[PDB]
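Okay, structure first, notes after.
Letters go in sequence order (proteins before strands), and every chain restarts at 1.
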Amino acid sequence: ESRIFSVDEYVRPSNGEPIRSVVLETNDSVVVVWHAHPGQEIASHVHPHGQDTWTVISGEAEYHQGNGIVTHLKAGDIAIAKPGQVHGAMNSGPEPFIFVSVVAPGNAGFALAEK
Amino acid sequence: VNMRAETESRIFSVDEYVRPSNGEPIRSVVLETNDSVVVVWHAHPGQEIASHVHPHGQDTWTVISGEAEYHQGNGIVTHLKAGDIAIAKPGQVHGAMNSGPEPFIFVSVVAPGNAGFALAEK
């Protein structure tokens, strides 16, 4: 029914590894809300056959691009991983790091990877 | 400051792609690939994103700033605010009007990247 989803309703804060909170999954995209507490890492991974587009809602973090590459993200940034590109994050900031991930296509596979 | 080859040029600041206009909102493209087209949209109060349908694509909006009336087709309107996600699946009419006061700014991800559209109110 609903076509609108509020991020604050969908964040799933975790003591352990951040929770992959799925808003809506379809054949065309997987839409997920991620939340990292200060000091929490979003484990690096790759979609061998899809794109992952992050839109940052709040906070500031380190974006892990693979091969030790670290770039800084803040609220209002878009971070894109094309097929095969490693992506992850470390919330090195004092506020929560919250973003929306749109993976396309909706069946893009997944592997863990190294920051 | 830092600059990388296009492959590893992967962070885009919404503010750098915002294109305010006093006429029809501007489709400011961040990146177009086979897998998605990523666009930054901006509407002033009272401005509209025309209602349309992608027969074979999903359009996922993430709202950065402001509030809007999200049109779902047929005069059906729901309320969008900053931090909300709006999703049109294939064959779902979607459009918006900035109901104010702030600029209404969102990131649209259309998938697949080549999904066509048609203007439609229902």
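For residues 103-122 of chain B, every residue pair satisfying the side-chain hydrogen bond (donor to acceptor under 3.5 Å, both in side chains) rule, not counting sequence neighbours, is listed here: B:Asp59-B:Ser108. Residue pairs meeting the ring pair (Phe, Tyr, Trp, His ring centres under 6.0 Å) criterion with at least one partner in residues 51-91 of chain A, sequence neighbours excluded, are A:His45-A:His87, A:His47-A:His87, A:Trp54-A:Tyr63, A:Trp54-A:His87, A:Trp54-A:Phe99.
In this structure, the side chains of B:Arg4 and B:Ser9 come closer than 4.5 Å at one or more pairs of heavy atoms. At a threshold of 4.5 Å between non-hydrogen side-chain atoms, the residues A:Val7 and A:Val100 count as touching. Side-chain contact between B:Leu80 and B:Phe104 is present, with heavy atoms from C-beta onward closer than 4.5 Å.
Taking hydrophobic clusters as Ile, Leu, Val, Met, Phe, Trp and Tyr residues chained together by side-chain heavy-atom distances below 4.5 Å, A:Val31 does not share a cluster with B:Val110.
Counting only distance, with no hydrogens or angles, the side chain of A:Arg3 and the backbone of B:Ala86 share no donor-acceptor pair below 3.5 Å.
The line from CD of B:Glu6 to NZ of A:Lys82 is 7.0 Å long, rounded to the nearest 0.5 Å. In this structure, the separation between CH2 on A:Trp34 and CG on A:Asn91 is 13.5 Å, given to the nearest 0.5 Å. The CG atom of A:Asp8 sits 10.5 Å away from atom CD1 of A:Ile57, with the distance rounded to the nearest 0.5 Å.
When the side-chain hydrogen bond (donor to acceptor under 3.5 Å, both in side chains) test is applied to A:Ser92, the partners found at least two apart in sequence or on another chain are A:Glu62. Looking at residues two or more places apart in sequence or on another chain, you find no side-chain hydrogen bond (donor to acceptor under 3.5 Å, both in side chains) involving B:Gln47. With sequence neighbours left out, the side-chain hydrogen bond (donor to acceptor under 3.5 Å, both in side chains) criterion links B:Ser13 to A:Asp77. In terms of the side-chain contact (heavy atoms from CB on, under 4.5 Å) criterion, residue partners of B:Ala120 (sequence neighbours excluded) are, by chain and number, B:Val53, B:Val93.
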Residues 18-27 of chain B, side-chain donor-acceptor partners within the protein, below 3.5 Å, at least two apart:
residue, atom, partner, partner atom, Å
B:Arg19, NH1, B:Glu16, O, 2.9
B:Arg19, NH2, B:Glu16, O, 3.3
B:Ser21, OG, B:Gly23, N, 3.2

Donor-acceptor pairs under 3.5 Å, side chain of residues 28-37 of chain B to any protein atom, not counting sequence neighbours: which ones?
residue, atom, partner, partner atom, Å
B:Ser28, OG, B:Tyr17, O, 2.5
B:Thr33, OG1, A:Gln51, OE1, 2.7
B:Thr33, OG1, B:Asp35, N, 3.1
B:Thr33, OG1, B:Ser36, N, 3.1
B:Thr33, OG1, B:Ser36, O, 3.2

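Taking both residues in full, the closest heavy atoms of A:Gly88 and A:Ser44 are given as CA-OG, 3.7 Å, listed atom of the first, atom of the second, then distance. Looking at every heavy atom in both residues, A:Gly93 comes nearest to A:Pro38 through O-CB, 3.1 Å.
Here B:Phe117 is tied into one hydrophobic group with B:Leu119, each link being a pair of ILVMFWY side chains closer than 4.5 Å.
Side chain to side chain, B:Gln72 and B:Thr78 meet the donor-acceptor criterion of an N or O pair below 3.5 Å.
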